[PDB]
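Colleague: Quick one: the structure is below, and I'll ask about it shortly.
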Amino acid sequence: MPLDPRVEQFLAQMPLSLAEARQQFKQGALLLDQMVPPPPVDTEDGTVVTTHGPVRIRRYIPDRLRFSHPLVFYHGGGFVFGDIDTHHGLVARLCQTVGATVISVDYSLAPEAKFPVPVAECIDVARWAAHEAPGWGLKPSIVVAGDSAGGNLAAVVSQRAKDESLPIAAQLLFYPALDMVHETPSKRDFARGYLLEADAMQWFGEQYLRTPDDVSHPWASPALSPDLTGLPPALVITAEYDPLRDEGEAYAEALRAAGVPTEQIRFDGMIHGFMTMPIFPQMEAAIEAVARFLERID
Ligand SMILES: COC(=O)c1ccccc1C(=O)OC
């Protein structure tokens with residue numbers, strides 16, 4: 001299907017120390033939010049005590065509460081970039097459109113923290129949210145969610161949830177990274193020129209992983225896990241022109257065949273990252289998909 005016209009324009013108009021690279025990523029996110037301002041939303045900043053230290057969070061409170069579980073959201077950025085501010089545009093809209101309380105998580109970034117530290121942190125935050133939920137008037141079971149590297153974390157938390165005695169009602173994976181071992185067709189076909197590139201992915205792995213062997217660890221590559229039975233209901237959103245497309249869709253098929261209630265949606269014409277790029281109407285369409293999916297959980 002042709003590249004979406006606005007996407008095509010965005011790519012055509014695209015033109016460092018670690019600190020500078022992080023600031024650049026932050027500046028781009030700011031520019032997009034200036035172009036398409038987020039909805040106003042009540043928020044509260046907090047800090048959760050994890051097994052690897054304090055992790056800042058931001059709780060988003062909907063104008064009108066309509067969903068009975070808290071959402072715990074883990075931002076993307078290759079494990080190296082991003083924060084609660086870079087993903088505010090997405091989270092504010094998830095909050096208000098779903099009518100859900102959302103916990104956005106500022107997990108520890110690489111290379112300063114290495115695999116599997118943020119996985120541990122993300123579990124600890126999920127556990128905290130489950131314990132708080134009754135006092136917010138909610139069910140203790142949580143929904144985990146994330147984009148890209150954040151979708152990785154969400155998928156891994158979900159695979160660990162039973163073992164960690166963590167009640168999870170659903171998982172929302174937005175163009176996740178799931179298999180660091182295998183090349184897929186999309187990974188070859190869209191390797192360069194679609195925002196998320198091959199070289200960047202390599203560099204992200206070099207920052208996050210301890211050694212090259214970690215690629216086969218199931219907490220890095222959750223698509224490798226042989227037993228997906230009994231995992232939480234899954235919404236897997238992919239972009240057509242994304243190197244990570246094929247691994248995301250393959251995992252959705254594997255979940256489905258393992259009896260996990262699964263919705264798999266490819267947004268045609270789109271690229272990696274589109275759900276934090278509000279210049280594209282498909283971002284809000286995908287958020288509507290989330291709301292529709294979550295309507296069916298209870
Ligand atoms: C070396 O750290 C890890 O990879 C790890 C961490 C906790 C539990 C298990 C493991 C493991 O699989 O290898 C020891």
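Order determines the names: the first chain of the structure tokens is A, the second B, and so forth; residues in each chain are numbered 1 upward, and ligands are numbered 1 upward as they are shown.
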Write out as a PyMOL selection string the residues lying within 9 Å of residue A:1, counting only C-alpha atoms and excluding same-chain residues fewer than 5 positions away.
Modeller: chain A and resi 240+268-269
Colleague: Just the selected residues (N, CA and C atoms), exported as a PDB file, in the first residue's frame, please.
Modeller:
ATOM      1  N   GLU A 240       3.078  -0.428   8.628  1.00  0.00           N
ATOM      2  CA  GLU A 240       3.410  -1.192   7.428  1.00  0.00           C
ATOM      3  C   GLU A 240       4.888  -1.076   7.033  1.00  0.00           C
ATOM      4  N   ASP A 268      -1.672   0.642   7.560  1.00  0.00           N
ATOM      5  CA  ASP A 268      -1.067   0.742   6.237  1.00  0.00           C
ATOM      6  C   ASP A 268      -0.518   2.138   5.980  1.00  0.00           C
ATOM      7  N   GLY A 269       0.598   2.192   5.254  1.00  0.00           N
ATOM      8  CA  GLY A 269       1.183   3.455   4.852  1.00  0.00           C
ATOM      9  C   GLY A 269       2.016   4.120   5.942  1.00  0.00           C
TER      10      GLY A 269
END
Colleague: DSSP on the backbone: what in stretch 157-281 of chain A comes out alpha helix (DSSP H), as a PyMOL selection string?
Modeller: chain A and resi 157-160+185-189+198-208+245-257+281
Colleague: Take the selection from the previous step and output its residues with N, CA, C and O atoms, as a tab-separated table (two decimals), in the first residue's frame.
Modeller:
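Wrote result-v7.tsv, looks like this:
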chain	number	residue	atom	x	y	z
A	157	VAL	N	7.25	-7.82	30.72
A	157	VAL	CA	6.51	-7.78	31.98
A	157	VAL	C	5.35	-8.78	31.93
A	157	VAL	O	5.12	-9.52	32.88
A	158	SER	N	4.64	-8.81	30.79
A	158	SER	CA	3.50	-9.70	30.65
A	158	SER	C	3.93	-11.16	30.75
A	158	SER	O	3.22	-11.97	31.35
A	159	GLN	N	5.05	-11.52	30.10
A	159	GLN	CA	5.52	-12.89	30.16
A	159	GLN	C	5.97	-13.29	31.57
A	159	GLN	O	5.83	-14.45	31.92
A	160	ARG	N	6.43	-12.31	32.36
A	160	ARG	CA	6.89	-12.57	33.71
A	160	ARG	C	5.78	-12.47	34.75
A	160	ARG	O	6.00	-12.81	35.90
A	185	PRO	N	11.89	-10.36	6.94
A	185	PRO	CA	11.79	-9.62	5.69
A	185	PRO	C	11.66	-8.11	5.90
A	185	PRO	O	12.39	-7.36	5.26
A	186	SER	N	10.81	-7.65	6.83
A	186	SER	CA	10.59	-6.23	7.00
A	186	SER	C	11.88	-5.57	7.49
A	186	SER	O	12.18	-4.42	7.14
A	187	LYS	N	12.65	-6.31	8.29
A	187	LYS	CA	13.87	-5.78	8.86
A	187	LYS	C	14.88	-5.51	7.74
A	187	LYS	O	15.68	-4.61	7.85
A	188	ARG	N	14.84	-6.30	6.66
A	188	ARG	CA	15.69	-6.09	5.49
A	188	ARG	C	15.09	-5.03	4.58
A	188	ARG	O	15.78	-4.15	4.09
A	189	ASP	N	13.79	-5.18	4.28
A	189	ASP	CA	13.13	-4.40	3.26
A	189	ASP	C	13.03	-2.93	3.68
A	189	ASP	O	13.01	-2.08	2.81
A	198	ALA	N	18.59	0.53	10.73
A	198	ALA	CA	19.41	-0.63	11.07
A	198	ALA	C	20.58	-0.25	11.97
A	198	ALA	O	20.77	-0.87	13.01
A	199	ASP	N	21.35	0.76	11.57
A	199	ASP	CA	22.53	1.20	12.30
A	199	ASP	C	22.14	1.66	13.70
A	199	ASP	O	22.84	1.34	14.68
A	200	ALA	N	21.04	2.42	13.80
A	200	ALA	CA	20.57	2.91	15.10
A	200	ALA	C	20.22	1.73	16.00
A	200	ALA	O	20.50	1.71	17.21
A	201	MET	N	19.53	0.75	15.43
A	201	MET	CA	19.09	-0.39	16.20
A	201	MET	C	20.32	-1.11	16.77
A	201	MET	O	20.32	-1.51	17.93
A	202	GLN	N	21.36	-1.27	15.95
A	202	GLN	CA	22.60	-1.87	16.37
A	202	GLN	C	23.19	-1.12	17.55
A	202	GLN	O	23.63	-1.73	18.53
A	203	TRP	N	23.22	0.21	17.44
A	203	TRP	CA	23.83	1.04	18.45
A	203	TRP	C	23.02	0.96	19.74
A	203	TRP	O	23.59	0.94	20.84
A	204	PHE	N	21.69	0.92	19.62
A	204	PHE	CA	20.83	0.81	20.79
A	204	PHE	C	21.14	-0.48	21.54
A	204	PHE	O	21.27	-0.47	22.75
A	205	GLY	N	21.24	-1.60	20.80
A	205	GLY	CA	21.62	-2.88	21.39
A	205	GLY	C	22.98	-2.83	22.10
A	205	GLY	O	23.13	-3.43	23.16
A	206	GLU	N	23.96	-2.14	21.51
A	206	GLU	CA	25.28	-1.99	22.09
A	206	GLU	C	25.20	-1.22	23.41
A	206	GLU	O	25.99	-1.50	24.30
A	207	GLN	N	24.27	-0.26	23.54
A	207	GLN	CA	24.12	0.51	24.78
A	207	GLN	C	23.40	-0.31	25.85
A	207	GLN	O	23.78	-0.29	27.02
A	208	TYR	N	22.35	-1.04	25.45
A	208	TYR	CA	21.43	-1.67	26.39
A	208	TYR	C	21.94	-3.02	26.88
A	208	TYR	O	21.92	-3.30	28.08
A	245	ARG	N	8.04	-4.45	11.90
A	245	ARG	CA	6.69	-4.92	11.59
A	245	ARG	C	6.56	-6.43	11.76
A	245	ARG	O	5.65	-6.91	12.45
A	246	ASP	N	7.40	-7.19	11.05
A	246	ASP	CA	7.18	-8.62	10.90
A	246	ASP	C	7.29	-9.36	12.23
A	246	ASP	O	6.50	-10.28	12.49
A	247	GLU	N	8.25	-8.98	13.07
A	247	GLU	CA	8.35	-9.63	14.37
A	247	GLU	C	7.12	-9.31	15.22
A	247	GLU	O	6.66	-10.17	15.97
A	248	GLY	N	6.57	-8.10	15.10
A	248	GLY	CA	5.39	-7.74	15.86
A	248	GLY	C	4.17	-8.56	15.43
A	248	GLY	O	3.46	-9.14	16.25
A	249	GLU	N	4.01	-8.71	14.12
A	249	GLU	CA	2.86	-9.44	13.61
A	249	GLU	C	3.03	-10.94	13.88
A	249	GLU	O	2.06	-11.63	14.19
A	250	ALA	N	4.26	-11.46	13.76
A	250	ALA	CA	4.50	-12.87	14.05
A	250	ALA	C	4.17	-13.22	15.51
A	250	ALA	O	3.61	-14.28	15.80
A	251	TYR	N	4.56	-12.33	16.43
A	251	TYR	CA	4.23	-12.54	17.82
A	251	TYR	C	2.71	-12.50	18.03
A	251	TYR	O	2.19	-13.34	18.76
A	252	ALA	N	2.00	-11.57	17.37
A	252	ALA	CA	0.54	-11.56	17.49
A	252	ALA	C	-0.06	-12.88	17.00
A	252	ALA	O	-0.95	-13.42	17.65
A	253	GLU	N	0.47	-13.44	15.91
A	253	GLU	CA	-0.04	-14.71	15.41
A	253	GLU	C	0.24	-15.86	16.38
A	253	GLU	O	-0.59	-16.77	16.53
A	254	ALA	N	1.41	-15.82	17.02
A	254	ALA	CA	1.81	-16.83	17.97
A	254	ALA	C	0.91	-16.77	19.21
A	254	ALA	O	0.47	-17.80	19.71
A	255	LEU	N	0.66	-15.55	19.69
A	255	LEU	CA	-0.27	-15.38	20.80
A	255	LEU	C	-1.64	-15.96	20.46
A	255	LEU	O	-2.27	-16.64	21.27
A	256	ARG	N	-2.16	-15.59	19.29
A	256	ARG	CA	-3.48	-16.04	18.84
A	256	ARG	C	-3.55	-17.58	18.84
A	256	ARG	O	-4.51	-18.18	19.31
A	257	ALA	N	-2.52	-18.22	18.30
A	257	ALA	CA	-2.49	-19.67	18.17
A	257	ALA	C	-2.31	-20.35	19.54
A	257	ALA	O	-2.56	-21.55	19.68
A	281	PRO	N	-3.07	11.74	11.54
A	281	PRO	CA	-4.36	11.32	12.09
A	281	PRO	C	-4.43	9.86	12.52
A	281	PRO	O	-5.26	9.52	13.36
Colleague: Give the residue list for ligand 1 at 9 Å, counting only C-alpha atoms and all ligand atoms, as a list in words, sorted by chain and then by residue number.
Modeller: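 I would give the residues around ligand 1 as residues 115, 116, 210, 214, 217, 218 and 219 of chain A.
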Colleague: Enumerate, in order of chain and increasing residue number, the residues of stretch 127-231 of chain A with an atom no farther than 12 Å from stretch 95-102 of chain A, each with its shortest atom pair and distance in Å to one decimal, counting only C-alpha atoms, as a Markdown table.
Modeller:
| residue | atom | partner | partner_atom | distance |
| --- | --- | --- | --- | --- |
| A:129 | CA | A:102 | CA | 9.6 |
| A:132 | CA | A:101 | CA | 11.6 |
| A:133 | CA | A:101 | CA | 9.6 |
| A:136 | CA | A:101 | CA | 8.8 |
| A:137 | CA | A:101 | CA | 10.6 |
| A:138 | CA | A:101 | CA | 9.3 |
| A:139 | CA | A:101 | CA | 11.6 |
| A:142 | CA | A:102 | CA | 9.9 |
| A:143 | CA | A:102 | CA | 9.2 |
| A:144 | CA | A:102 | CA | 9.6 |
| A:145 | CA | A:102 | CA | 9.6 |
| A:146 | CA | A:102 | CA | 11.6 |
Colleague: Env of residue A:141: 12 Å cut, atoms = only C-alpha atoms, seq-sep filter 3 positions within chain, self excluded. Answer as JSON, numbers by chain.
Modeller: {"A": [67, 68, 69, 70, 71, 72, 126, 127, 128, 129, 130, 131, 132, 133, 134, 138, 144, 158, 161, 162, 165, 166, 167, 168, 169, 170, 171, 232, 297, 298]}
Colleague: Keeping C-alpha atoms, export the residues of the selection given above as a PDB file, in the first residue's frame.
Modeller:
ATOM      1  CA  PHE A  67     -12.110   2.059  32.489  1.00  0.00           C
ATOM      2  CA  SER A  68     -11.779  -0.135  35.590  1.00  0.00           C
ATOM      3  CA  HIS A  69      -8.053  -0.963  35.451  1.00  0.00           C
ATOM      4  CA  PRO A  70      -4.976   1.275  35.723  1.00  0.00           C
ATOM      5  CA  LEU A  71      -2.737   1.475  32.674  1.00  0.00           C
ATOM      6  CA  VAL A  72       1.017   1.329  33.193  1.00  0.00           C
ATOM      7  CA  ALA A 126       3.460  -2.611  37.729  1.00  0.00           C
ATOM      8  CA  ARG A 127       3.294  -4.288  41.169  1.00  0.00           C
ATOM      9  CA  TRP A 128       2.995  -0.927  42.900  1.00  0.00           C
ATOM     10  CA  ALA A 129       0.155   0.070  40.557  1.00  0.00           C
ATOM     11  CA  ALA A 130      -1.718  -3.178  41.258  1.00  0.00           C
ATOM     12  CA  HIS A 131      -1.448  -2.508  45.012  1.00  0.00           C
ATOM     13  CA  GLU A 132      -2.605   1.129  44.725  1.00  0.00           C
ATOM     14  CA  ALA A 133      -5.483   0.377  42.336  1.00  0.00           C
ATOM     15  CA  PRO A 134      -8.226  -0.297  44.977  1.00  0.00           C
ATOM     16  CA  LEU A 138     -10.124   0.324  40.456  1.00  0.00           C
ATOM     17  CA  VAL A 144       0.654  -2.695  30.549  1.00  0.00           C
ATOM     18  CA  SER A 158       3.496  -9.701  30.649  1.00  0.00           C
ATOM     19  CA  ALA A 161       3.601 -11.579  35.330  1.00  0.00           C
ATOM     20  CA  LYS A 162       2.418 -14.976  36.622  1.00  0.00           C
ATOM     21  CA  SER A 165       2.439 -12.754  41.096  1.00  0.00           C
ATOM     22  CA  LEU A 166       1.489  -9.660  39.080  1.00  0.00           C
ATOM     23  CA  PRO A 167      -2.184  -9.437  37.959  1.00  0.00           C
ATOM     24  CA  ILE A 168      -2.299  -8.192  34.369  1.00  0.00           C
ATOM     25  CA  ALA A 169      -5.577  -7.860  32.456  1.00  0.00           C
ATOM     26  CA  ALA A 170      -4.088  -6.902  29.058  1.00  0.00           C
ATOM     27  CA  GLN A 171      -0.996  -5.882  27.142  1.00  0.00           C
ATOM     28  CA  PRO A 232      -2.749 -11.481  28.948  1.00  0.00           C
ATOM     29  CA  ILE A 297     -11.706  -6.624  28.472  1.00  0.00           C
ATOM     30  CA  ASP A 298     -14.571  -6.567  31.011  1.00  0.00           C
TER      31      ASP A 298
END
Colleague: Could you give me, as a PyMOL selection string, each residue of stretch 82-142 of chain A that DSSP assigns to strand (DSSP E or B) when run on this structure's backbone?
Modeller: chain A and resi 102-106+142
Colleague: May I have the residues within 10 Å of residue A:19 as a PyMOL selection string, using only C-alpha atoms and disregarding those fewer than 4 positions away in the same chain?
Modeller: chain A and resi 23-24+81
Colleague: Find the residue from A:31, A:113, A:57, A:180 that sits nearest to residue A:125; use only C-alpha atoms when measuring.
Modeller: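 Among the listed residues, the smallest separation from residue A:125 belongs to A:57.
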Colleague: Using only C-alpha atoms, which of the listed residues (A:177, A:228, A:244, A:80) sits closest to residue A:260?
Modeller: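 Checking each of A:177, A:228, A:244, A:80 against residue A:260, counting only C-alpha atoms, the winner is A:228.
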Colleague: Residues at most 12 Å from residue A:50, counting only C-alpha atoms, excluding those fewer than 6 positions away in the same chain, as a compact mmCIF listing (two decimals) with N, CA and C atoms, in the first residue's frame?
Modeller:
# COMPACT_ATOMS: atom_id res chain seq x y z
N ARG A 56 10.88 7.67 38.82
CA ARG A 56 9.87 8.70 38.71
C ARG A 56 8.71 8.18 37.86
N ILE A 57 7.50 8.55 38.27
CA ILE A 57 6.29 8.25 37.52
C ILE A 57 5.45 9.52 37.42
N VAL A 105 5.98 5.80 33.10
CA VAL A 105 7.13 5.40 33.88
C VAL A 105 8.44 5.93 33.30
N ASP A 106 9.25 6.57 34.16
CA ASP A 106 10.57 7.05 33.80
C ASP A 106 11.62 6.02 34.22
N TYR A 107 11.68 4.89 33.50
CA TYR A 107 12.60 3.82 33.84
C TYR A 107 14.03 4.25 33.48
N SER A 108 14.99 3.55 34.09
CA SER A 108 16.39 3.88 33.95
C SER A 108 16.86 3.60 32.52
N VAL A 117 18.04 -4.28 33.96
CA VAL A 117 17.60 -3.34 34.97
C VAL A 117 16.23 -2.73 34.68
N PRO A 118 15.94 -2.13 33.50
CA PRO A 118 14.63 -1.51 33.33
C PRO A 118 13.50 -2.55 33.34
N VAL A 119 13.80 -3.80 33.04
CA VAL A 119 12.76 -4.82 33.09
C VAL A 119 12.31 -4.97 34.54
N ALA A 120 13.29 -5.10 35.43
CA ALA A 120 13.03 -5.20 36.86
C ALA A 120 12.25 -3.99 37.35
N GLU A 121 12.70 -2.79 36.97
CA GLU A 121 12.01 -1.58 37.38
C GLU A 121 10.54 -1.59 36.92
N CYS A 122 10.33 -1.98 35.66
CA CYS A 122 8.99 -1.95 35.09
C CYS A 122 8.07 -2.96 35.80
N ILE A 123 8.60 -4.10 36.22
CA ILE A 123 7.82 -5.04 37.02
C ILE A 123 7.46 -4.40 38.35
N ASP A 124 8.46 -3.77 39.00
CA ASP A 124 8.22 -3.22 40.31
C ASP A 124 7.14 -2.14 40.25
N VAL A 125 7.17 -1.31 39.20
CA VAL A 125 6.17 -0.27 39.06
C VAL A 125 4.79 -0.89 38.83
N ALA A 126 4.70 -1.91 37.97
CA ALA A 126 3.46 -2.61 37.73
C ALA A 126 2.87 -3.15 39.03
N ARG A 127 3.73 -3.73 39.89
CA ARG A 127 3.29 -4.29 41.17
C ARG A 127 2.76 -3.19 42.08
N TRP A 128 3.46 -2.06 42.12
CA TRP A 128 2.99 -0.93 42.90
C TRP A 128 1.60 -0.51 42.43
Colleague: From the set A:89, A:15, A:76, A:226, which residue has the shortest atom-to-atom contact distance to residue A:154, counting only C-alpha atoms?
Modeller: A:76
Colleague: Using only C-alpha atoms for the distances, tell me which of A:292, A:75, A:59, A:6 is nearest to residue A:270.
Modeller: A:6
